[PDB]
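final-v7.tsv, holding TSV, C-alpha atoms and all ligand atoms:
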```tsv
chain	number	residue	atom	x	y	z
B	10	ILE	CA	5.84	-7.69	-23.29
B	11	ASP	CA	7.29	-4.90	-25.36
B	12	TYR	CA	8.80	-2.70	-22.59
B	13	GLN	CA	8.88	0.33	-25.00
B	14	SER	CA	5.67	0.16	-27.06
B	15	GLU	CA	3.49	3.27	-26.40
B	16	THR	CA	0.92	1.00	-24.82
B	17	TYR	CA	3.46	-0.10	-22.25
B	18	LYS	CA	5.13	3.19	-21.49
B	19	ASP	CA	1.75	4.78	-21.20
B	20	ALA	CA	0.60	2.12	-18.70
B	21	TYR	CA	3.95	2.35	-16.85
B	22	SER	CA	3.83	6.08	-16.46
B	23	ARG	CA	0.67	5.79	-14.39
B	24	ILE	CA	1.82	2.72	-12.51
B	25	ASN	CA	5.29	4.05	-11.75
B	26	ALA	CA	3.71	7.34	-10.49
B	27	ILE	CA	1.30	5.38	-8.22
B	28	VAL	CA	4.21	3.65	-6.69
B	29	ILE	CA	6.26	6.88	-6.45
B	30	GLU	CA	3.43	8.93	-4.95
B	31	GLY	CA	2.59	5.91	-2.74
B	32	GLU	CA	6.07	5.89	-1.11
B	33	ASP	CA	6.05	9.74	-0.76
B	34	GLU	CA	2.66	9.68	0.97
B	35	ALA	CA	3.94	6.80	3.21
B	36	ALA	CA	7.05	8.82	4.25
B	37	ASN	CA	4.92	11.85	5.12
B	38	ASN	CA	2.28	9.68	6.86
B	39	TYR	CA	4.75	7.84	9.07
B	40	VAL	CA	6.39	11.23	9.95
B	41	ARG	CA	2.93	12.58	10.88
B	42	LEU	CA	2.33	9.39	12.95
B	43	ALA	CA	5.63	10.02	14.75
B	44	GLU	CA	3.91	13.12	16.06
B	45	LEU	CA	0.75	11.32	17.19
B	46	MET	CA	2.60	8.39	18.86
B	47	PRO	CA	5.83	10.06	20.02
B	48	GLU	CA	6.29	7.04	22.30
B	49	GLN	CA	7.16	5.08	19.02
B	50	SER	CA	8.61	8.01	16.92
B	51	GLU	CA	12.06	6.32	16.60
B	52	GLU	CA	10.70	3.27	14.59
B	53	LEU	CA	8.26	5.40	12.60
B	54	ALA	CA	10.95	7.91	11.56
B	55	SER	CA	13.06	4.90	10.45
B	56	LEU	CA	10.11	3.54	8.48
B	57	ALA	CA	9.71	6.91	6.78
B	58	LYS	CA	13.38	7.15	5.77
B	59	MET	CA	12.99	3.72	4.27
B	60	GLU	CA	9.90	4.66	2.22
B	61	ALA	CA	11.75	7.75	1.01
B	62	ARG	CA	14.62	5.48	-0.11
B	63	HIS	CA	12.17	3.35	-2.14
B	64	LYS	CA	10.81	6.50	-3.72
B	65	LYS	CA	14.30	6.90	-5.29
B	66	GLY	CA	14.50	3.34	-6.48
B	67	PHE	CA	11.12	3.52	-8.12
B	68	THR	CA	11.95	6.95	-9.64
B	69	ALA	CA	14.94	5.28	-11.37
B	70	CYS	CA	12.69	2.53	-12.85
B	71	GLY	CA	10.79	5.18	-14.86
B	72	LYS	CA	13.95	7.00	-16.18
B	73	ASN	CA	15.41	3.61	-17.26
B	74	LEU	CA	12.32	3.08	-19.38
B	75	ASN	CA	12.21	6.75	-20.53
B	76	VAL	CA	8.92	7.26	-18.83
B	77	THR	CA	7.96	10.46	-17.15
B	78	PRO	CA	5.78	9.54	-14.22
B	79	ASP	CA	2.18	11.02	-14.36
B	80	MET	CA	2.25	12.44	-10.90
B	81	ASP	CA	-1.08	14.29	-11.16
B	82	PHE	CA	-2.90	10.98	-11.86
B	83	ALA	CA	-1.15	9.32	-9.00
B	84	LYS	CA	-1.91	12.25	-6.65
B	85	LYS	CA	-5.59	12.05	-7.75
B	86	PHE	CA	-5.44	8.18	-7.44
B	87	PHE	CA	-4.60	8.54	-3.73
B	88	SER	CA	-6.84	11.48	-2.97
B	89	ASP	CA	-9.84	9.94	-0.99
B	90	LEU	CA	-7.55	7.72	1.06
B	91	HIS	CA	-5.15	10.54	1.64
B	92	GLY	CA	-8.20	12.60	2.75
B	93	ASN	CA	-9.40	10.03	5.30
B	94	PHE	CA	-5.88	9.73	6.72
B	95	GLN	CA	-5.56	13.57	6.97
B	96	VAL	CA	-8.97	13.84	8.68
B	97	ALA	CA	-8.23	10.90	10.93
B	98	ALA	CA	-4.75	12.32	11.77
B	99	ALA	CA	-6.07	15.90	12.31
B	100	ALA	CA	-8.30	14.38	15.02
B	101	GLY	CA	-5.94	11.90	16.67
B	102	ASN	CA	-7.68	8.79	15.29
B	103	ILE	CA	-4.46	6.83	15.26
B	104	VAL	CA	-6.29	3.51	14.93
B	105	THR	CA	-7.83	4.58	11.60
B	106	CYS	CA	-4.51	6.08	10.49
B	107	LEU	CA	-2.67	2.84	11.14
B	108	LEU	CA	-5.31	0.66	9.33
B	109	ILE	CA	-4.92	2.84	6.30
B	110	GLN	CA	-1.16	2.94	6.14
B	111	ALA	CA	0.23	0.01	8.06
B	112	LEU	CA	-2.25	-2.70	6.85
B	113	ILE	CA	-4.21	-1.64	3.80
B	114	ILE	CA	-1.79	0.29	1.75
B	115	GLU	CA	0.97	-2.01	2.82
B	116	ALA	CA	-0.86	-5.29	1.81
B	117	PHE	CA	-1.75	-3.64	-1.47
B	118	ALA	CA	1.78	-2.40	-2.05
B	119	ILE	CA	3.51	-5.65	-1.24
B	120	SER	CA	1.02	-7.70	-3.28
B	121	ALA	CA	1.41	-5.47	-6.29
B	122	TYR	CA	5.18	-5.46	-6.15
B	123	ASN	CA	5.15	-9.21	-5.84
B	124	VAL	CA	2.73	-9.61	-8.80
B	125	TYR	CA	4.84	-7.13	-10.84
B	126	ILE	CA	8.22	-8.87	-10.23
B	127	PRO	CA	7.92	-11.96	-12.52
B	128	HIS	CA	7.08	-9.72	-15.46
B	129	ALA	CA	9.36	-6.71	-14.73
B	130	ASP	CA	12.53	-5.79	-16.80
B	131	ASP	CA	15.94	-6.68	-15.26
B	132	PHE	CA	16.68	-3.36	-13.78
B	133	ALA	CA	13.27	-2.83	-12.19
B	134	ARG	CA	13.01	-6.53	-11.09
B	135	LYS	CA	16.22	-5.96	-9.03
B	136	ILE	CA	14.93	-2.71	-7.50
B	137	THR	CA	11.52	-4.12	-6.63
B	138	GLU	CA	12.88	-7.37	-5.11
B	139	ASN	CA	15.00	-5.20	-2.81
B	140	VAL	CA	12.15	-2.97	-1.90
B	141	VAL	CA	10.13	-6.09	-1.06
B	142	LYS	CA	13.08	-7.61	0.89
B	143	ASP	CA	13.25	-4.39	3.00
B	144	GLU	CA	9.50	-3.69	3.14
B	145	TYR	CA	9.31	-7.06	4.92
B	146	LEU	CA	12.73	-7.40	6.63
B	147	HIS	CA	11.78	-4.66	9.10
B	148	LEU	CA	8.61	-5.72	11.09
B	149	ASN	CA	5.06	-4.38	10.64
B	150	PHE	CA	5.20	-1.64	13.19
B	151	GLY	CA	1.53	-0.62	12.94
B	152	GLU	CA	0.30	-4.23	13.06
B	153	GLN	CA	2.17	-5.12	16.37
B	154	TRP	CA	0.82	-1.93	17.98
B	155	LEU	CA	-2.81	-2.73	16.92
B	156	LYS	CA	-2.33	-6.30	18.17
B	157	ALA	CA	-1.11	-5.05	21.61
B	158	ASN	CA	-4.02	-2.53	21.68
B	159	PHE	CA	-6.58	-4.66	20.19
B	160	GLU	CA	-9.43	-4.67	22.71
B	161	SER	CA	-9.41	-0.84	22.78
B	162	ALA	CA	-9.04	-0.39	18.98
B	163	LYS	CA	-11.47	-3.19	17.94
B	164	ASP	CA	-14.54	-0.92	17.19
B	165	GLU	CA	-12.66	1.83	15.42
B	166	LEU	CA	-10.85	-0.76	13.30
B	167	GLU	CA	-14.28	-1.94	12.04
B	168	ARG	CA	-15.42	1.59	11.11
B	169	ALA	CA	-12.01	2.38	9.52
B	170	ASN	CA	-12.27	-0.84	7.50
B	171	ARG	CA	-15.74	-0.18	5.95
B	172	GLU	CA	-14.84	3.39	4.90
B	173	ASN	CA	-11.27	2.56	3.62
B	174	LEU	CA	-11.19	-0.95	2.11
B	175	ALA	CA	-14.05	0.13	-0.13
B	176	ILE	CA	-11.83	2.86	-1.67
B	177	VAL	CA	-8.84	0.54	-2.13
B	178	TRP	CA	-11.04	-1.82	-4.12
B	179	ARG	CA	-12.12	1.21	-6.24
B	180	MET	CA	-8.37	1.86	-6.70
B	181	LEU	CA	-7.60	-1.59	-8.06
B	182	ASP	CA	-10.59	-1.38	-10.50
B	183	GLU	CA	-9.13	1.84	-11.97
B	184	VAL	CA	-5.63	0.40	-12.67
B	185	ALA	CA	-6.46	-3.22	-13.36
B	186	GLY	CA	-6.36	-2.38	-17.14
B	187	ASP	CA	-2.96	-0.55	-16.80
B	188	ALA	CA	-1.52	-3.30	-14.53
B	189	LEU	CA	-2.48	-5.92	-17.21
B	190	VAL	CA	-0.25	-4.19	-19.80
B	191	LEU	CA	2.54	-4.75	-17.21
B	192	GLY	CA	1.61	-8.50	-17.17
B	193	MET	CA	-0.29	-8.27	-13.85
B	194	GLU	CA	-3.50	-10.28	-13.78
B	195	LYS	CA	-6.21	-8.38	-11.76
B	196	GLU	CA	-7.08	-11.68	-10.00
B	197	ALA	CA	-3.53	-12.28	-8.66
B	198	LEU	CA	-3.50	-8.72	-7.22
B	199	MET	CA	-6.88	-9.31	-5.58
B	200	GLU	CA	-5.86	-12.63	-4.06
B	201	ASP	CA	-2.52	-11.47	-2.67
B	202	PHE	CA	-4.04	-8.31	-1.16
B	203	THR	CA	-6.95	-10.22	0.37
B	204	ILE	CA	-4.58	-12.83	1.87
B	205	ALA	CA	-2.08	-10.26	3.30
B	206	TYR	CA	-4.91	-8.05	4.61
B	207	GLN	CA	-7.00	-10.92	6.00
B	208	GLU	CA	-4.00	-12.43	7.77
B	209	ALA	CA	-2.95	-9.02	9.12
B	210	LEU	CA	-6.48	-8.59	10.59
B	211	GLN	CA	-6.57	-12.07	12.06
B	212	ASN	CA	-3.10	-11.64	13.51
B	213	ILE	CA	-4.06	-8.43	15.38
B	214	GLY	CA	-7.02	-10.37	16.88
B	215	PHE	CA	-10.23	-10.78	14.83
B	216	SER	CA	-11.61	-14.30	14.29
B	217	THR	CA	-11.58	-15.60	10.73
B	218	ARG	CA	-15.32	-15.17	10.83
B	219	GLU	CA	-14.88	-11.50	11.82
B	220	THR	CA	-12.29	-10.93	9.05
B	221	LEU	CA	-14.68	-12.22	6.40
B	222	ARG	CA	-17.41	-9.90	7.71
B	223	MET	CA	-14.85	-7.07	7.37
B	224	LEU	CA	-13.66	-7.93	3.87
B	225	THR	CA	-17.20	-8.17	2.60
B	226	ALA	CA	-17.98	-4.74	4.12
B	227	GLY	CA	-15.38	-3.39	1.70
B	228	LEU	CA	-17.19	-4.85	-1.30
B	229	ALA	CA	-20.14	-2.37	-1.25
B	230	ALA	CA	-18.81	0.27	-1.66
N	301	LIG	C1	8.32	0.27	-10.94
N	301	LIG	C2	6.80	0.14	-10.97
N	301	LIG	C3	6.44	-0.92	-9.94
N	301	LIG	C4	5.03	-1.52	-10.24
N	301	LIG	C5	4.23	-2.13	-9.03
N	301	LIG	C6	2.71	-2.39	-9.38
N	301	LIG	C7	1.71	-1.40	-8.67
N	301	LIG	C8	0.18	-1.69	-8.90
N	301	LIG	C9	-0.79	-0.54	-8.43
N	301	LIG	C10	-1.15	-0.51	-6.90
N	301	LIG	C11	0.09	-0.15	-6.04
N	301	LIG	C12	-0.13	0.69	-4.73
N	301	LIG	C13	1.31	1.12	-4.27
N	301	LIG	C14	1.33	1.86	-2.92
N	301	LIG	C15	2.81	2.00	-2.44
N	301	LIG	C16	2.95	2.83	-1.15
N	301	LIG	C17	2.91	2.05	0.18
N	301	LIG	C18	4.27	1.53	0.59
N	301	LIG	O1	4.40	1.03	1.70
```

Re-express the file's structure as structure tokens.
Ligand SMILES: CCCCCCCCCCCCCCCCCC=O
Amino acid sequence: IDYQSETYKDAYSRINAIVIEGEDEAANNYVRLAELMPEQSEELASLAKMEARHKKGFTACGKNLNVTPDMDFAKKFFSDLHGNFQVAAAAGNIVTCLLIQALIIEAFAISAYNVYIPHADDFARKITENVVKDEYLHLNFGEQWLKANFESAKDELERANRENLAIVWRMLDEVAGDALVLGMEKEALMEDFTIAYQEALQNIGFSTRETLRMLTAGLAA
């Protein structure tokens, strides 16, 4: 990997932006959730501070490589998912909101960061390994809530899944090519995501059988 060829910097500027916008949208989303579940607003506000901290770390990984992040691509990358969260939030569909942010985006984020790490430069390797440390040193707030609320949330979780997984698989298809310039094999991303997300869904209470039915519902569309 030439960390400064135009190929690379070009790929990095979208990927860095995706990560930066990703953390920004998490921060706002967890703040917004703090409103919808004021019972748990203390944890959620702490989660949001944390995401906002990672925003700064990932901002520095661009600058170190002399890359301006392409924020408009990243904002347009997130757009449908952001939409479904907004709509689901605007109507108090907290179950849907939590699937999106606490399970889906999170599996995807963690898997990506983990697949990036072996192939990242020294500075960004450090920053990402810390983000990962933190982003699973604190516990998956949204997952424990969905597990404790499972019987009630079960049917909405299935609807949320079909609508939202579908999109996240569209999202990986669009940056596969860019991720590969960063040394990230599309397959490794798919596996890690699928494992994390499958095991999050089983943990909150679906059978294996049910999880598979759910993951397949994502493929198409
Ligand atoms: C410094 C650049 C780090 C590169 C990581 C590779 C990212 C691959 C593309 C998909 C990433 C989706 C990130 C979403 C992060 C926001 C959610 C955080 O909890």

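In this comparison, which uses all atoms listed in the file, the residue of B:143, B:33, B:172, B:81 approaching residue 65 of chain B most closely is B:33.
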
- Within 7 Å of ligand LIG 301 (chain N), which residues show up when you count only C-alpha atoms and all ligand atoms? List them as an NGL selection string, please. :B and (21 or 24-25 or 27-28 or 31-32 or 35 or 60 or 67 or 70-71 or 114-115 or 117-118 or 121-122 or 125 or 133 or 137 or 181 or 184 or 188)

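Proximity to residue 19 of chain B was assessed for B:38, B:68, B:49, B:75 counting only C-alpha atoms; the smallest distance is recorded for B:75.
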
- Query: When you draw a straight line from atom CA of residue 144 of chain B to atom CA of residue 59 of chain B, how long is it in Å?
  - Reply: 8.3 Å

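If you measure from each of B:155, B:185, B:166, B:99 to residue 212 of chain B using all atoms listed in the file, the closest one turns out to be B:155.
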
Within 10 Å of residue 104 of chain B using all atoms listed in the file, minus same-chain residues under 5 positions, as an mmCIF file with C-alpha atoms, in the coordinates of the input:
```cif
data_model
loop_
_atom_site.group_PDB
_atom_site.id
_atom_site.type_symbol
_atom_site.label_atom_id
_atom_site.label_comp_id
_atom_site.auth_asym_id
_atom_site.auth_seq_id
_atom_site.Cartn_x
_atom_site.Cartn_y
_atom_site.Cartn_z
ATOM 1 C CA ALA B 97 -8.230 10.900 10.930
ATOM 2 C CA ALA B 98 -4.750 12.320 11.770
ATOM 3 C CA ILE B 109 -4.920 2.840 6.300
ATOM 4 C CA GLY B 151 1.530 -0.620 12.940
ATOM 5 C CA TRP B 154 0.820 -1.930 17.980
ATOM 6 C CA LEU B 155 -2.810 -2.730 16.920
ATOM 7 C CA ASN B 158 -4.020 -2.530 21.680
ATOM 8 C CA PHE B 159 -6.580 -4.660 20.190
ATOM 9 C CA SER B 161 -9.410 -0.840 22.780
ATOM 10 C CA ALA B 162 -9.040 -0.390 18.980
ATOM 11 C CA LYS B 163 -11.470 -3.190 17.940
ATOM 12 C CA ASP B 164 -14.540 -0.920 17.190
ATOM 13 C CA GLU B 165 -12.660 1.830 15.420
ATOM 14 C CA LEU B 166 -10.850 -0.760 13.300
ATOM 15 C CA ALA B 169 -12.010 2.380 9.520
#
```

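Using only C-alpha atoms, the shortest contact distance between residue 180 of chain B and any of B:213, B:42, B:230, B:111 is found at B:230.
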